[PDB]
Amino acid sequence: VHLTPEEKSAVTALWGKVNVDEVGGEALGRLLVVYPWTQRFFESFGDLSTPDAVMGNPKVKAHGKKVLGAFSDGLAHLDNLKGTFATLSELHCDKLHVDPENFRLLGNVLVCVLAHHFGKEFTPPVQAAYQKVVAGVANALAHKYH
Amino acid sequence: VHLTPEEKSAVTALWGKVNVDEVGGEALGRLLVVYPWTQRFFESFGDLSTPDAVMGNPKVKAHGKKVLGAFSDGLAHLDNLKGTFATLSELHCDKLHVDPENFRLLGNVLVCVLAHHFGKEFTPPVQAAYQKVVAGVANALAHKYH
Amino acid sequence: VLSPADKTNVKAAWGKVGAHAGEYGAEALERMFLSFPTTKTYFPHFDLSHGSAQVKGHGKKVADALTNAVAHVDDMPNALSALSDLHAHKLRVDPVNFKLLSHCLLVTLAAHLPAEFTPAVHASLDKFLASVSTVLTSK
Amino acid sequence: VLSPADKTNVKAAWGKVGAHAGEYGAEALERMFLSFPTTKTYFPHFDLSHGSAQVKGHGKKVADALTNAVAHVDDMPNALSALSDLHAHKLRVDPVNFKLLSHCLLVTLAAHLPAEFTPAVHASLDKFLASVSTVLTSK
Ligand code: HEM
Ligand code: HEM
Ligand code: HEM
Ligand code: HEM
């Protein structure tokens, strides 16, 4: 996960504008709606029967906040994502048994949320930088499988 | 890629019985036949039009020998796969641009060849150990993407 | 789609499996639980140890589903309609896991049918199991 | 299959893309080439730099294919038959790459249609592009 300085610049400048109370919940909700097998890991969250029910679920927004915080943590430690995500990798791999393909999916859904929220500002080069980031996070989160 | 000693035992014992002149060619051929998009990377090999033409192609047999040799290499350095495969990762990722999902496929095809050749002896525990191995090799060969 | 040669190959390989269908389905499930431990979580009410009567009984169910798919190969969406509902809606099976079980079914056939598991029949079986997986993930 | 609601959602989102379809297809291709550089090897005879007339012309081709699929959503295998042959037989496109372009098409729609790209319409679009990809990989 080597971002060039231009890549680092594109990523960090957009990230400073992210509403960190909302975007992680938007991404988790879309994950549950677009890829409904992921709802298997979130039965304790209650009503997920409709997209509206998902996106307005307070457990979804509250848990998405923590997810986004982990992405924020990774963005700070691009040179040691393995270390940053070791604890979450044990949780997701050894305890939760989430298939790591779903880490890739959540990363892609996050990218769609950023595109939705930033529009033209989410240029193809900015996307390409974010794709390096969400790939690095998914790989580090999957390290306890590797 | 940590194998237990019983996993290491099951893997090494079977591998000593592998016909290293043939099995790599069986695996590469099957890859080209089962996943024909991989033939994109091997147009210089000539007649690939039928399964017989592929399995009987002398360049398929010849190249598979080298592929199997790299697997044999990885089996010797299980606790340092990334270093063993650095040059091949540069080649397959930076030069060839093979999608790394095909590393997984070739590893699964190798496992099918081992099952075919060893029958009953290729027990479910022996398979599970080989899956850890081919997973580790694919991940190491894909490091240049990560 | 599955070609006429694929349908022939699949039918012929299945013909050689015979009354071992149930046992081979059980063995494929065991191979998948051991090789891909993440799949184990879909069966918490199962004992997954070797020789489990519950894995045995489920292996037969799975084999019978595949045999129904072989028997109705030109009409698989319909034949497997009810199982597609079950796997997507109720069980919420991750699509990745169909790739894992398909691979383990191939390994089981290859370990048991040395003459039949030629490169061509291996290709045909992979396409067949991919087709079954596409239907089972269609809902 | 695609539900009636999915068909409605896809239709309406496509309706709002309008005459920008060709442009958006070009942008999705550029997003793919920059984000997933392995896909570039399928277009050696293309200049893939920004503003390429060849990327522009091909984006329109791709958009027109997707519009034909939308217009014949209940008959996609037949509508896309010639393109399925092209992509599997001649071009030998790795199936993984359809996932990458589908994602980039979603990203392009999200960047351009803020009102239309709700979670439901996002889900329907993903299913539609997955269905197109299944057809294009069927041969
Ligand atoms: C890049 C991908 C992901 C990131 C960064 C991430 C991050 C997090 C974080 C920060 C937590 C809170 C852990 C804590 O309470 O200390 C968590 C918990 C959890 N994650 Fe994720 N997650 C990811 C992917 C996934 C996916 C794809 C699934 C399932 C489809 C999943 C299932 C869960 C569950 C069930 C919990 C709650 C575990 C518990 O409280 O026992 N995660 N994750
Ligand atoms: C576990 C996966 C793989 C292993 C261990 C492996 C191993 C090797 C080895 C040892 C070589 C010879 C390099 C040399 O001459 O020094 C090679 C070359 C090559 N590999 Fe693979 N390979 C793998 C996967 C793949 C796949 C999946 C593809 C395409 C579908 C591919 C395409 C090629 C090509 C085209 C060459 C020839 C490169 C050249 O001579 O310029 N490889 N590989
Ligand atoms: C080749 C693909 C598959 C076939 C043909 C198949 C077949 C079946 C059948 C026939 C049943 C019904 C059993 C009954 O009615 O008693 C069933 C149930 C079930 N399947 Fe599958 N399946 C496939 C793939 C998978 C995969 C990949 C998973 C998860 C990793 C899975 C998980 C389950 C579970 C959890 C049940 C319920 C078992 C129970 O509670 O008794 N299936 N499957
Ligand atoms: C949404 C899925 C896709 C659609 C709708 C689509 C559509 C098309 C169409 C309509 C053409 C014909 C252009 C013409 O007749 O001049 C074409 C050609 C082609 N496609 Fe795709 N395609 C898709 C996916 C892909 C992917 C994933 C790749 C590779 C990464 C790919 C690579 C190519 C190539 C190399 C050509 C030939 C271009 C040329 O030589 O002019 N396609 N595609």
Side-chain angles (χ1 to χ4, degrees), chain A residues 33-40 48-50, chain C residues 1-4 6-7 10-11 13-14 17 21-22 24-26 28-29 32 39 42-43 57-106 124-139, chain D residues 1-10 69 72-81 84 95 120 123-139:
Chain A
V33 169
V34 179
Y35 308 115
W37 60 86
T38 56
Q39 297 179 21
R40 192 163 166 110
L48 303 179
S49 61
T50 77
Chain C
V1 198
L2 295 178
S3 77
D6 296 320
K7 304 182 184 135
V10 167
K11 244 175 273 192
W14 229 250
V17 167
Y24 289 8
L29 288 162
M32 167 197 79
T39 63
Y42 286 85
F43 305 82
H58 193 62
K60 177 55 145 13
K61 295 310 190 153
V62 168
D64 282 2
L66 290 169
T67 300
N68 177 242
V70 164
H72 295 275
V73 77
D74 289 320
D75 189 42
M76 273 198 221
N78 185 53
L80 297 172
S81 187
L83 280 176
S84 317
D85 297 335
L86 180 66
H87 281 85
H89 305 166
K90 162 142 199 243
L91 298 172
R92 305 209 199 61
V93 178
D94 189 328
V96 171
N97 288 330
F98 292 91
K99 283 179 184 188
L100 303 182
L101 180 52
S102 293
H103 169 64
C104 288
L105 289 160
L106 289 186
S124 303
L125 287 168
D126 187 82
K127 295 158 163 73
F128 167 74
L129 293 171
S131 291
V132 173
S133 298
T134 299
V135 172
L136 289 183
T137 59
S138 62
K139 307 273 191 289
Chain D
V1 195
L2 298 170
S3 82
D6 294 325
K7 289 174 181 53
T8 302
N9 289 338
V10 162
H72 295 97
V73 79
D74 288 320
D75 190 42
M76 308 225 195
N78 176 47
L80 298 177
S81 194
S84 322
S124 307
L125 286 170
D126 184 78
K127 282 159 172 82
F128 167 75
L129 292 173
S131 300
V132 173
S133 297
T134 301
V135 169
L136 288 183
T137 61
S138 63
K139 314 290 173 64

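All chains are named by letter (A, B, ...) in the order of the sequence lines, taking the proteins before the strands, and each is independently numbered beginning at 1. These numbers come from the heavy atoms of this one structure, side chains and all, not from hydrogens, waters or symmetry mates.
- By the side-chain hydrogen bond (donor to acceptor under 3.5 Å, both in side chains) test, C:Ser3 pairs with C:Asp6, sequence neighbours left out.
- Listed by chain and residue number, C:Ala21 satisfy the side-chain contact (heavy atoms from CB on, under 4.5 Å) test with C:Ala63 (two or more places apart in sequence, or in another chain).
- Contact annotation: the side chain of C:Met32 approaches that of C:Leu29 to within less than 4.5 Å [non-hydrogen atoms, C-beta and beyond].
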Under 3.5 Å, side-chain donor or acceptor atoms of residues 81-88 of chain C against the rest of the protein: list the pairs with distances, not counting sequence neighbours.
from	atom 1	to	atom 2	distance (Å)
C:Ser84	OG	C:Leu80	O	2.7
C:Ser84	OG	C:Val135	O	3.2
C:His87	ND1	C:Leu83	O	2.8

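- Judged as a side-chain hydrogen bond (donor to acceptor under 3.5 Å, both in side chains), and not counting sequence neighbours, D:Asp74 has no contacts.
- Taking C:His72 as the reference, nothing meets the side-chain hydrogen bond (donor to acceptor under 3.5 Å, both in side chains) condition, with sequence neighbours excluded.
- Atom NZ of residue C:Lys11 and atom OG of residue C:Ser124 lie 12.0 Å apart, to the nearest 0.5 angstrom.
- Taking all atoms of both residues into account, the shortest heavy-atom contact from D:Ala69 to D:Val132 is CB-CG2, 4.1 Å.
- Within the 4.5 Å cutoff, the side chain of C:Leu100 has heavy atoms near those of the C:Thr39 side chain.
- When all heavy atoms of C:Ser102 and C:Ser133 are compared, the pair lying nearest together is OG-OG, 3.2 Å.
- By the 6.0 Å contact criterion, NZ on C:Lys7 is enclosed, its count of non-hydrogen atoms from other residues, nucleotides or ligands being greater than 12.
- In this structure, the separation between NZ on C:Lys127 and CG on C:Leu125 is 10.0 Å, given to the nearest 0.5 Å.
- Here the side chains of C:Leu129 and C:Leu105 are in contact, with some heavy-atom distance below 4.5 Å.
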- request: Determine, stepwise, if the pair D:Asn9 / D:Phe128 fulfils side-chain contact (heavy atoms from CB on, under 4.5 Å).
  value: CA-CA 10 Å; D:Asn9 289 338; D:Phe128 167 75; over 6 Å; no

Distance-only check: which donor-acceptor pairs under 3.5 Å involve side-chain atoms of residues 89-99 of chain C, not counting sequence neighbours?
from	atom 1	to	atom 2	distance (Å)
C:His89	NE2	C:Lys139	O	3.3
C:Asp94	OD1	C:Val96	N	3.0
C:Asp94	OD2	A:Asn102	ND2	2.7

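- Residues D:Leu2 and D:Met76 are in side-chain contact: their nearest non-hydrogen atoms beyond the backbone lie under 4.5 Å apart.
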task: Take C:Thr134 and D:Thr134 through the side-chain contact (heavy atoms from CB on, under 4.5 Å) test and state the conclusion after the steps.
output: CA-CA 8 Å; C:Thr134 299; D:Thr134 301; 4.1 Å; yes

